[PDB]
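Residue numbers (full-length UniProt numbering), protein chains in the order written: chain A, 437 to 551; chain B, 437 to 551.
This report concerns only the one structure given below.
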Ligand SMILES: Nc1ncnc2c1ncn2[C@@H]1O[C@H](COP(=O)(O)OP(=O)(O)OP(=O)(O)O)[C@@H](O)[C@H]1O
Ligand SMILES: Nc1ncnc2c1ncn2[C@@H]1O[C@H](COP(=O)(O)OP(=O)(O)OP(=O)(O)O)[C@@H](O)[C@H]1O
């Protein structure tokens with residue numbers, strides 16, 4: 437798939453075409469929708485530019501155009517070689533979600549008293 | 437002038453039309469140029485939205501169009517009543533610049549030892 441976090445960026449209309457069962461389902465869908473811009477923002481923030489403007493300009497662009505953070509330019513990602521494995525992207529998303537969303541169900545935390 | 441920090445936002449091409457004498461003049465001009473977006477970003481950030489995207493969308497819009505943070509929409513600022521006094525804006529800018537730019541010239545700081 438496309439590299440630079442653009443693959444997760446191009447999956448946001450597929451959440452925009454989702455009907456939640458109730459309001460908590462809607463909250464979770466919105467959480468994932470806001471999370472889907474995080475890798476591109478982090479890559480752009482490490483490059484010294486404002487990540488939110490970069491992500492908004494990627495969203496306004498065509499589906500083949502992303503941000504090359506080395507050149508600092510908006511390019512064609514397949515033609516520039518900036519590509520990612522599909523397995524890596526889906527593995528990262530699933531492994532992050534399955535544990536973080538269970539961490540956000542907690543109400544009581546029990547620890548040991550430090551000796 | 438226009439309210440919401442848009443008055444300072446429209447004075448950035450007037451810094452783009454400036455020729456620095458040397459590179460430190462250039463550094464100071466760039467400092468003021470980046471500072472000129474701060475009030476609009478702060479007003480938008482207090483409204484719970486991303487200030488940088490709001491400022492960029494104000495940049496891309498016409499000269500009469502700014503952001504009503506109260507209603508959260510992009511409107512004609514004069515026709516919607518969001519206006520500022522010119523004296524207040526220039527007073528705030530001059531009073532901030534004259535002291536902050538002198539604070540950024542310091543190399544040694546002498547304080548009293550606390551008793
Ligand atoms: N020139 C580039 N422009 C834009 N994005 C790029 C560029 N080169 C790599 N990337 C992106 O940066 C990310 C790679 O980051 P990095 O390899 O540091 O971390 P990772 O793959 O998440 O994890 P790990 O630290 O285990 O390697 C990928 O999303 C990749 O598509
Ligand atoms: N509805 C609005 N939409 C957008 N900007 C607005 C709106 N109402 C006011 N503003 C802007 O917000 C700013 C007013 O902020 P505020 O009055 O809290 O602080 P101030 O004038 O900088 O200082 P002080 O705290 O001394 O009053 C002005 O720039 C004004 O144009």
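Even for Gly, the Cβ is constructed at its ideal location relative to N, Cα and C.
Chain A contact for residue i (CB, 8 Å cutoff)
| i | result |
| --- | --- |
| residue 486(B) | yes |
Assumed close pair residue i, residue j - CB separation to whole angstroms, cut-off 8 Å
| i | j | result |
| --- | --- | --- |
| residue 451(A) | residue 473(A) | Not a contact, Cβ separation roughly 12 Å. |
| residue 378(A) | residue 492(B) | As displayed, chain A neither begins before 437 nor continues past 551, which places residue 378(A) out of reach and without an answer. |
| residue 487(B) | residue 477(B) | 3 Å |
| residue 448(B) | residue 469(B) | 6 Å |
Contacts around residue i, its chain only, beta-carbon distance under 8 Å, and the 5 residues preceding and following it disregarded
| i | result |
| --- | --- |
| residue 521(B) | 437 |
| residue 510(B) | 493, 494, 497, 501, 502, 503, 504 |
| residue 482(B) | 505 |
| residue 453(A) | none |
| residue 529(B) | 444 |
Cβ of residue i within 8 Å of any chain B Cβ
| i | result |
| --- | --- |
| residue 489(A) | yes |
| residue 466(A) | no |
| residue 492(A) | yes |
Per-residue DSSP class, three states only, for residue i
| i | result |
| --- | --- |
| residue 524(B) | helix |
| residue 482(B) | helix |
| residue 518(A) | coil |
| residue 487(B) | helix |
| residue 511(B) | strand |
| residue 437(B) | coil |
| residue 545(A) | coil |
7 Å CB neighbourhood of residue i in its chain, flanking five on each side removed
| i | result |
| --- | --- |
| residue 479(B) | 440, 441, 505 |
| residue 443(A) | 437, 520, 525 |
| residue 417(A) | Past the edges of chain A, shown from 437 to 551, lies residue 417(A), and the structure says nothing about it. |
Close Cβ partners of residue i (< 6 Å) along its chain, the five nearest in sequence each way excluded
| i | result |
| --- | --- |
| residue 546(B) | none |
| residue 531(B) | none |
| residue 533(A) | none |
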